[PDB]
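For reference, the chain that follows is the form deposited in one PDB entry, supplied as structure tokens.
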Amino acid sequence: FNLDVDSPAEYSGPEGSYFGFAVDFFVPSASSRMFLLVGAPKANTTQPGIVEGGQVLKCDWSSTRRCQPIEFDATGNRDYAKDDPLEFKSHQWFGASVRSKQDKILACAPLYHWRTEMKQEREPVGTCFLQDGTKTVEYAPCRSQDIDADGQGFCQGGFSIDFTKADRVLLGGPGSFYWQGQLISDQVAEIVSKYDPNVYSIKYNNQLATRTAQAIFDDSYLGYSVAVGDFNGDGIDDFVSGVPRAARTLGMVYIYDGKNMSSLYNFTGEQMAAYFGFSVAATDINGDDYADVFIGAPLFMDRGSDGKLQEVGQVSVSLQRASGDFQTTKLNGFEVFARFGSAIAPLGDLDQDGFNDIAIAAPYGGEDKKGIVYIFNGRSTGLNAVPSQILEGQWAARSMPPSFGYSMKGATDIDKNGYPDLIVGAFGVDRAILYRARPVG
């Protein structure tokens, strides 16, 4: 209820760049300053001969709204031989996903293609670049020798990423093994030390990765979204990922142990084609020090009063318990075709009750389908199922809908007033908006 909607800070990028497709906070903490990280997957860059490569921008908060691209990569395409490009950075969608731990920044290009050594191909392997302060290192786990539609050739690694508490990267590639999907995790210290610009398939010793399964699991899209939290009580963050096309398109969410990538818990959707698993988030919402799972099903259709189905969307709120189980509560959308549950951003304790809150977005809801964000507060019982606040998109539709709330991030007190804030991205109008929690420091 205490998010300042009167005077939110506004950030804008180049038109059509999808600026705001991914949002995050950058808090180096070796320097006291604060920044916003905004991904612009379709932005034009200065790379030689690259068109719509993408960008990740670092945006100031202190009395200005200027943004500067992060120079992850300035080179064009490397060449495998004379008149034989190794790779194709054009339309690579760099900055579609952005993550930042303390001083590190991980940003990825899911639609990056490359030509394998064996033959002249175009394999959508996807690539990531890890900035670790002074150093910048490329991380492309899914581009390797064993690549095809059969292998990791179509992996699109970096489609979704996250940072583990103990400094590992979690990376999901929905496309590997005929779109069975895959998760890959490796330690940052190993990523930055094993990097060699001249080796196109770098090997990582302590890398954890899920493997090939039966043919029945094809087109499951494991790695569509990822999240991390401790779920088996050993203090090491476990890997939560959505598998929206699993179980004959019912959708699924897997939890793999972070120590060895061993499967722990499975969730399954209850309506076909609802995309159970489009969005996934993990936080302790009821304040019992156990992480709780949030799963979005933006295409869920609900039986109305007349018996007519209405596509309102759904978010499953699953509270973890000490017994090693969960208690699930279904949170339905409020408008038809608004896609409630597209984004699920934990807020921390937005108002400092001692109970964390969570934000859920319906990017095509509200007046004129401008997009709407719902704020839900935490309680000892669970999540208060009545939105304590409504956030409405302000920008009108251009050629494509504004999509306010498509990407969002919170749980950072950017203004150092003691209360976590929230950033919301509207890539349809190339906007990012910061909402600052008012005091109830």
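The numbering used is simple: start at 1 and walk along the sequence shown. Just so we're on the same page, rigid core means the largest C-alpha set that superposes within 1.5 Å between forms.
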In the entry, residues of the deposited sequence missing between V440 and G441 amount to 4 to 9
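The form deposited in another entry exists for this protein as well; it is not shown, and the discussion that follows is about that form.
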Candidates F267, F278, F72, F163; compared between the shown form and the other one on the rigid core, the one with a C-alpha shift of 2 angstroms or more is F72
Notebook entry, point to check: Taking the rigid core as reference, does the Cα of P197 move 2 Å or more between the shown form and the other one?
Noted result: no
Fill in: Rigid core fit then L86 CA moved by 2 Å or more between the shown form and the other one
yes
Q.
Would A396 count as moving between the shown form and the other one, using a Cα shift of 2 angstroms or more after superposing the core as the test?
A. no
Output row for the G324-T164 CA distance, |change| of 3 angstroms or more in the other form, reads farther
Taking the shown form as reference, the Cα pair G418 and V280 shifts by 3 Å or more in the other form and sits closer
